[PDB]
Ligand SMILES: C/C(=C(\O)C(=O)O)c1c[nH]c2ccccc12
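Here you get one chain, nothing else, as structure tokens; it is the form deposited without the ligand.
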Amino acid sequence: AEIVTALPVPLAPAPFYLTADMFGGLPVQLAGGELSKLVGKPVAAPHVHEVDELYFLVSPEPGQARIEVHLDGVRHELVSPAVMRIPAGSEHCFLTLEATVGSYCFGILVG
């Protein structure tokens, strides 16, 4: 049985739960984390990937988490649940506006 438990893995420094090398190779990588601890961050740093990224925002009940996604100088405000595609090349980040305990935003890099 193939079980990975040494998780998340820091990668440059974001917490990964799926990496492209696991289990013989994956077509996605998946990072992210619990949002309630991030409601407090006042700033986020724009960045760009060479593959598409999907943001996946979820909370125990719909509507309990809220982020702003800054994409190429446009501010978007999303409420859980929500998925948003960030095209490769695009400058982006998000800030957490609101979150109950056990709200998550995951970033999924699509190979």
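What we label the rigid core is the largest C-alpha set whose atoms superpose within 1.5 Å from one form to the other. Sequential numbering from 1, following the sequence displayed. Residues that one form lacks are left out of the comparison.
Below, we refer to the form solved in complex with the ligand, which is not included among the displayed structures.
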Q) the ligand isn't shown here, but in the deposited bound form which of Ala31, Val58, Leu78, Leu71 has a heavy atom within 4.5 Å of it? A) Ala31
Q) What is the one choice in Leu26, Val51, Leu38, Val83 with a heavy atom within 4.5 Å of the ligand in the deposited bound form? A) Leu38
Q: Considering only heavy atoms, tell me if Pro87 and the ligand come within 4.5 Å of each other in the deposited bound form.
A: no
Q. Just to confirm, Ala14 within 4.5 Å of the ligand in the deposited bound form by heavy atoms?
A. yes
Q) What residues in 81-102 sit within 4.5 Å of the ligand in the deposited bound form, counting heavy atoms only? A) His92, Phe94
Q: With the rigid core held as the fitting reference, name the runs of three or more adjacent residues whose C-alpha atoms all move by 2 angstroms or more between this form and the one not shown.
A: 42-44
